[PDB]
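Protein chains in written order, with my numbering: chain A, 510 to 641; chain B, 333 to 762; chain C, 73 to 372; chain D, 272 to 329; chain E, 7 to 440; chain F, 238 to 286.
For each residue, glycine too, the CB sits at the ideal point set by N, CA and C.
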Amino acid sequence: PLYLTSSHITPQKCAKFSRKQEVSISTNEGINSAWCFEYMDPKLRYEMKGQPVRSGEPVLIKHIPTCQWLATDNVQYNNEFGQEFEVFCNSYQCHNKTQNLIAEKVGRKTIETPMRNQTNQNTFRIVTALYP
Amino acid sequence: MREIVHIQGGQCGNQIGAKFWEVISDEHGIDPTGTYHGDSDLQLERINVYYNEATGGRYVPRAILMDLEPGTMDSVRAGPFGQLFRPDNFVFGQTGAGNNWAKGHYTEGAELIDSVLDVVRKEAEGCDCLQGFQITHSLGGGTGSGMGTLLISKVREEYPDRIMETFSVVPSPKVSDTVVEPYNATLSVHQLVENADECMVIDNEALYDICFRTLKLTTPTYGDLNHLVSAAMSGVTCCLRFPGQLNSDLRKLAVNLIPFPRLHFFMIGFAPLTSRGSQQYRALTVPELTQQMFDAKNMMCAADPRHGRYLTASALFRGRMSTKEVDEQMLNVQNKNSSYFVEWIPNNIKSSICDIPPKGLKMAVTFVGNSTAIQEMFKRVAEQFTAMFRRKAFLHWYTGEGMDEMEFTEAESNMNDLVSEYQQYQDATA
Amino acid sequence: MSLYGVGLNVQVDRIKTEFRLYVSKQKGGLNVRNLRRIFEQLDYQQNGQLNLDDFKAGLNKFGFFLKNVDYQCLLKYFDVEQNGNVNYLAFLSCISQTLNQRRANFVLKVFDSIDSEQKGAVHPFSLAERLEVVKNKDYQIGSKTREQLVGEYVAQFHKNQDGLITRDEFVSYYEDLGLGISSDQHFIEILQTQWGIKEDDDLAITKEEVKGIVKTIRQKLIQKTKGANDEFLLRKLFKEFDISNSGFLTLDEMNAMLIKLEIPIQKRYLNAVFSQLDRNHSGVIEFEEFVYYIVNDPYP
Amino acid sequence: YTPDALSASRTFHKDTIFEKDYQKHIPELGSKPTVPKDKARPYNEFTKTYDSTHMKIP
Amino acid sequence: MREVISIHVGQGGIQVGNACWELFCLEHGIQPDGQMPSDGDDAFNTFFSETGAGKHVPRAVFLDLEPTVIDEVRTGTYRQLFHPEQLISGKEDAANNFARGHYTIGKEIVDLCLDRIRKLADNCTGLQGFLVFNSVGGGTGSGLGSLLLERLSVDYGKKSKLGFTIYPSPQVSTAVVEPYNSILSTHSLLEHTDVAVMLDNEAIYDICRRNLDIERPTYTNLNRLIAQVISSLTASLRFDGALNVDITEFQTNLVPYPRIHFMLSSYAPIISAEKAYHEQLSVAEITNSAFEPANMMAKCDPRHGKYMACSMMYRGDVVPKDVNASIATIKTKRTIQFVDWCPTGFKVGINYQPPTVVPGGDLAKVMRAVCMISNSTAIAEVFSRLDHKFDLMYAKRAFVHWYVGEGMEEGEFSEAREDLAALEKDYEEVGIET
Amino acid sequence: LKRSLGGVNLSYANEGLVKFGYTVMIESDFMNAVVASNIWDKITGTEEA
Ligand SMILES: Nc1nc2c(ncn2[C@@H]2O[C@H](COP(=O)(O)OP(=O)(O)OP(=O)(O)O)[C@@H](O)[C@H]2O)c(=O)[nH]1
Ligand SMILES: Nc1nc2c(ncn2[C@@H]2O[C@H](COP(=O)(O)OP(=O)(O)O)[C@@H](O)[C@H]2O)c(=O)[nH]1
Ligand SMILES: [Mg+2]
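As structure tokens, this is what we get:
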């Protein structure tokens with residue numbers, strides 16, 4: 510058995526092209542395999558917890574030990590099987606800053622609810638079979 | 333249980349601490365939500381050093397984020413591992429420092445520091461048996477170099493017997509981002525020399541050189557430099573948190589490192605550092621580690637130790653390995669490099685062993701050295717200070733808050749006295 | 073107290089524990105199975121429901137006395153159909169242990185020793201011979217009306233329609249008896265002295281001993297040749313004897329390697345470490361995985 | 272002349288389990304310790320010192 | 007009828023204690039759990055006390071201000087053996103400072119240590135004496151060793167005390183500030199220790215590299231060698247032999263004057279499993295190897311000085327006639343010469359029990375072994391080297407504030423230096439012919 | 238090539254609800270492309286990835 514995992518960013522081990530967090534198929538059975546789904550829209554991420562996941566929907570994939578989301582870019586790579594891109598882990602949140610701490614002090618928002626939008630890059634689609 | 337508490341301030345301090353916490357959380361196997369997910373029980377037996385327990389079995393770091401402007405903390409809260417810090421540990425103002433030591437140490441710092449003093453006192457009385465304090469900040473910025481050092485003074489007044497270390501990223505003149513850098517640098521070092529038990533000098537050019545020429549990495553970021561700094565900071569306390577053949581706490585390192593009270597300014601280094609494309613071609617052994625150890629090419633400070641003499645040195649080894657080869661390697665490097673070691677302190681090297689290596693590596697080395705070559709940056713900073721000060725350039729900003737030229741004068745006095753005694757204790761002979 | 077939410081659970085759990093502790097302290101004639109037989113007299117119509125007064129009277133007859141708050145809490149928890157009547161069957165379903173694996177092994181081997189025919193059932197008369205001969209040396213083989221006379225040693229069990237004693241009720245009755253007896257050691261003592269059978273595993277390999285062994289073998293390879301080496305030294309034995317070149321180690325092969333490298337481990341400890349190393353359960357070790365574990369593992 | 276077989280070429284170790292006589296009297300680890308036999312300094316009449324009546328003499 | 011109380015203070019003391027107690031347990035056949043498997047009468051009373059149900063509690067105590075090693079002892083394979091309340095742990099390490107462990111922190115732990123020692127000793131009514139283990143160049147170990155020696159010398163008085171102390175190596179070392187507390191501890195122990203034994207590490211490193219052919223030995227092998235040494239010394243108290251000697255007959259045949267009580271120890275043979283078969287292991291040749299200077303576990307070269315007393319103990323199947331022949335050969339050879347006022351100074355003991363090889367160890371199975379303890383005037387060289395280091399350090403008052411600031415006055419250094427100079431004078435003075 | 242391009246059947250989904258044990262496709266929408274793995278290429282690491 511081979512599992513898809515990731516380990517925290519290190520200058521010793523950074524991506525060949527993206528230079529960001531690695532994703533690797535390894536024999537490790539440790540906690541690094543812990544992957545979790547997340548519903549796409551910012552408003553309902555928290556409340557969608559505990560709800561069944563249905564196929565064909567736009568979903569987010571996040572690692573537990575790092576809380577990093579898996580995503581891909583137009584980053585070039587070469588292998589046997591033609592020309593292929595890169596898959597890695599990174600936070601593609603929108604750049605503008607928001608005063609989460611001061612909203613905390615005032616009491617308008619709580620940490621579990623997100624406030625920063627993430628770009629379309631991070632989206633992933635689960636595809637099932639067409640016919641039974 | 334002999335735990336230590338973390339206080340960080342300023343933009344640079346926040347950036348360093350953010351990655352230090354991520355690295356330590358990764359090594360201890362703590363998820364960003366705070367739930368333990370380690371593999372062996374050794375990761376949990378001494379978890380109380382950095383983390384406090386909460387309901388649900390989760391853990392919280394005992395770090396205090398202190399500043400005048402909420403921009404940097406505002407950004408860092410939204411990133412990964414931003415949920416570990418409990419919201420009460422953030423303290424900030426509404427004005428900002430403006431890179432002015434006067435405003436960060438007399439006007440805004442004085443009125444704001446009550447809350448941070450209250451919270452640090454609360455946490456310090458909360459901990460069972462406090463071991464020491466660690467600070468991470470910058471000497472070229474305003475808010476850090478002023479209000480952090482005022483905190484240093486107050487907490488030293490309140491707790492005289494505890495150990496205190498600071499990681500000061502003193503900026504260089506080759507490429508500096510601030511024009512009022514020497515002013516607040518001199519003021520900070522003068523205020524810090526009488527209160528800091530240990531001093532940890534960090535230079536950005538040194539990190540750039542190491543990462544470019546050793547890691548061979550063409551496009552690094554501040555994240556990489558933060559990671560090197562975090563690894564170095566964690567290296568000193570490894571045997572404190574984990575078992576080893578030779579346990580050596582912070583006080584032991586201090587007593588074996590400082591011979592005189594005012595000579596407590598050290599330069600550090602980490603080993604091994606290799607590019608990814610060269611890992612397969614390098615055999616990790618004690619001779620290689622000790623060769624990479626003492627290379628002046630490897631240090632994290634702009635000062636060249638080859639221009640001076642090593643007053644004292646220390647070694648933190650991580651990973652299972654016997655002590656014989658360590659012993660003759662230390663003796664061998666002392667014998668062949670006797671010219672670079674001051675004579676009247678024979679066998680001026682401390683060695684300690686911890687059996688838990690960093691995750692992803694089998695062996696590791698943390699080096700901390702007190703050597704007389706560190707005075708070069710002192711002379712260069714003093715020269716820049718006097719070069720601007722003869723014309724009284726930018727002194728109106730400082731005098732706008734009641735400060736006068738006297739404090740500048742005795743700050744220059746203290747620096748001159750320090751650089752003077754670092755010469756006497758490099759020329760003294762039996 | 074203040075049984076608002078899971079206060080119910082924490083308040084009934086203590087009653088469970090005190091019942092267990094009281095039975096264990098009694099340690100004698102009082103058996104949990106006696107409650108089951110004593111409730112049917114009050115049941116009358118076997119509806120499975122008893123009112124609070126009858127429940128209290130039954131408990132007091134056994135000798136387990138409780139406070140009024142306690143009685144209300146037990147009524148609230150175990151009155152599932154909310155008619156105001158506690159289900160004694162639901163009560164007795166709880167407060168019953170599933171039994172330790174060691175005790176299960178002992179009782180199963182005790183049953184199998186008697187059940188030589190391996191039909192899964194036992195004649196009640198057969199148990200009587202053993203139950204009596206273990207207690208006397210001069211009982212002599214043949215009694216006049218031995219069946220009925222020595223059937224008093226038995227019938228604490230029950231028998232199926234065929235009349236044979238079933239293994240399930242055998243283990244169930246000894247489980248019920250092993251509620252006041254919460255001792256693995258003393259329970260095994262009673263069972264073995266009663267059945268005249270003395271056998272058990274000496275011990276199971278413990279994790280700290282495993283750590284000690286792995287630390288020893290981990291240190292031993294360091295002493296030889298130089299620091300960078302010992303990887304080639306371990307690879308070189310694998311080359312010496314891996315004829316098929318498949319890349320799979322076996323139990324005997326690892327035993328040989330340890331014997332070459334001055335490490336004579338027990339067979340049992342070697343099996344323990346082999347089982348700890350492999351998760352595939354195929355009885356084969358990948359050489360590279362073994363090397364990575366022994367040489368490159370941050371954790372002890 | 273071929274040098275017989277390549278298997279005939281010498282090897283550092285061979286499939287003989289006890290390859291060298293060096294390792295056949297070595298102590299095997301997990302063995303239970305063995306109680307010593309009748310070899311210790313004679314001590315039988317000194318028990319009337321740990322006899323508790325030795326003190327409180329009058 | 008004999009019991010000896012072992013004390014292990016400091017990280018080095020605890021690490022040596024672990025190894026020696028493991029060897030004792032293996033010698034007497036106890037399992038790690040402390041239970042006797044069902045297997046001529048014991049006589050293990052010296053090291054263990056029988057609770058009444060099978061468990062055997064060791065007669066030892068562990069002291070340290072750093073809880074890591076003691077936690078590892080309570081976590082390892084010997085959790086069920088040691089009595090939980092006789093493993094005393096402090097709060098903060100002395101951090102290589104003698105005054106911290108002797109004046110500030112050790113005061114609140116010495117009372118508990120004394121209470122537990124009294125509670126252990128009340129059981130022993132045929133107590134022989136005390137053995138103590140400590141690294142001299144360590145702060146807490148040195149400070150607590152000095153304090154316990156001072157307290158016990160007045161609490162018990164005439165009870166014999168033997169200290170197997172680890173002096174720092176001359177040319178190599180771990181810390182840098184070890185001379186200060188080294189001379190402080192030596193001055194403290196001069197008038198409080200009946201017997202002292204050298205345990206520097208570089209000499210046993212040399213022994214391991216030359217004999218055992220181990221290129222990178224670790225502290226575990228060193229502790230195993232020390233355990234073998236102490237077992238060989240103590241085996242006379244629990245195994246019958248032709249000649250029996252007790253710890254009481256040490257100050258009579260090893261201490262000509264009360265001021266001189268420092269002795270250095272040798273051991274033989276040091277042979278690996280791969281080495282045992284090609285050696286006949288004659289008693290004469292193992293004795294010749296034992297007297298060879300490089301076979302010393304201390305960097306003291308006895309051919310620098312005189313010999314005062316020479317006590318050797320044999321274990322195995324040796325014969326007194328070969329013993330006497332080997333002694334005659336030793337006296338015949340000219341490279342070894344004794345002091346003028348000692349015509350005979352040989353004290354020989356014989357024990358029947360052969361040494362036992364430890365699983366996971368590296369020593370081989372042998373039928374004959376010798377342990378050695380001798381008095382030499384050449385021992386003054388290490389004290390002179392420590393004096394040189396202390397002069398070089400105290401000339402410019404380095405590190406002095408680190409001792410001043412926690413309550414010990416500045417004058418201790420002068421008196422300690424004067425005392426060590428007096429010891430150097432005594433060592434030479436006891437070496438002139440009449 | 239032949240071992241890489243073998244045939245396979247995706248398990249069908251009932252009422253469009255993913256349940257443990259099925260074989261499903263993972264697709265990045267922003268690339269509009271499906272993820273695959275290259276076992277033959279070996280990552281630079283002591284562990285095999
Ligand atoms: N022979 C031997 N010496 C040891 C051992 N462990 C430590 N040492 C010696 O002890 C010296 C350092 O002191 P430690 O034992 O580590 O610590 P300590 O004696 O308890 O004193 P502190 O450092 O204040 O805690 C080293 O230079 C070693 O020479 C050991 O296991 N065997
Ligand atoms: N290595 C490193 N240095 C940083 C980072 N961020 C800021 N700095 C240094 O901090 C200096 C500026 O300090 P400043 O922000 O004014 O300090 P402050 O006023 O206390 O917030 C610059 O010279 C940078 O070199 C970082 O992420 N990594
Ligand atoms: Mg210590």
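Beta-carbon neighbours of residue i, restricted to chain B and to distances below 9 Å
| i | result |
| --- | --- |
| F:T281 | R608, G609, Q611, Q612 |
Where residue i sits in the DSSP three-state scheme
| i | result |
| --- | --- |
| residue 379 of chain C | Absent from the model: residue 379 of chain C. The displayed extent of chain C is 73 to 372, so no value can be given. |
| E:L369 | strand |
| B:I706 | helix |
| B:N630 | helix |
| B:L397 | strand |
| A:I534 | strand |
| D:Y321 | helix |
Contacts of residue i in chain C (Cβ-Cβ under 9 Å)
| i | result |
| --- | --- |
| E:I292 | Ordered by position in chain C, no residue passes the 9 Å Cβ test against E:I292, which lies about 24 Å from the chain. |
Per-residue contacts from residue i into chain B (C-beta, under 7 Å)
| i | result |
| --- | --- |
| E:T74 | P575, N579 |
Contact set for residue i: own chain, Cβ-Cβ below 7 Å, skip 5 residues either direction
| i | result |
| --- | --- |
| E:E98 | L71, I111 |
| E:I292 | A274, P275, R374, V376 |
| E:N129 | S55 |
Chain D contact residues for residue i, given Cβ-Cβ distances below 8 Å
| i | result |
| --- | --- |
| C:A176 | Residues of chain D passing the Cβ test: none, with the nearest at roughly 28 Å. |
Close Cβ partners of residue i (< 6 Å) along its chain, the five nearest in sequence each way excluded
| i | result |
| --- | --- |
| F:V271 | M262, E264 |
| B:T481 | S520, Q523, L524 |
| E:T83 | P38 |
| residue 775 of chain B | With chain B covering 333 to 762 only, the question about residue 775 of chain B has no answer from this structure. |
Where residue i meets chain F, residues with beta-carbon distance less than 7 Å
| i | result |
| --- | --- |
| A:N588 | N275, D278 |
Element boundaries [alpha helix (DSSP H), containing residue i]
| i | result |
| --- | --- |
| E:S148 | 145-161 |
| E:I385 | That residue, E:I385, is in no alpha helix (DSSP H); it is neither H nor E in DSSP. |
Span of the beta strand (DSSP E) around residue i
| i | result |
| --- | --- |
| B:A528 | Note, B:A528: premise wrong, no beta strand (DSSP E); not H, not E. |
| E:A209 | Note, E:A209: premise wrong, no beta strand (DSSP E); alpha helix (DSSP H) at 207-213. |
| B:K682 | 681-686 |
| A:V636 | 633-636 |
Residue i: contacting residues in chain A (beta-carbon distance under 7 Å)
| i | result |
| --- | --- |
| F:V272 | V596 |
Chain-ordered neighbours of residue i on chain C, where CB pairs are closer than 7 Å
| i | result |
| --- | --- |
| B:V618 | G299 |
Under 9 Å by beta carbon: chain E residues contacting residue i
| i | result |
| --- | --- |
| D:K303 | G35, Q37, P43 |
Contacts of residue i in chain F (Cβ-Cβ under 9 Å)
| i | result |
| --- | --- |
| A:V636 | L247, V261, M262, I263, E264, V271 |
Beta-carbon neighbours of residue i, restricted to chain A and to distances below 9 Å
| i | result |
| --- | --- |
| B:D759 | Ordered by position in chain A, no residue passes the 9 Å Cβ test against B:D759, which lies about 40 Å from the chain. |
Would you mind listing the alpha helix (DSSP H) stretches within the region 545-610 of chain A that are 4+ residues and don't spill past its ends, in chain order? none
Ordered list of beta strand (DSSP E) runs contained in the region 471-512 of chain B, each at least 3 residues: 495-501
Could you tell me which whole beta strand (DSSP E) segments of length 3 or greater appear in the region 45-92 of chain E? 54-56, 62-64, 66-70
Curious, which full-length alpha helix (DSSP H) runs of at least 4 residues does the region 322-359 of chain E contain? 326-338
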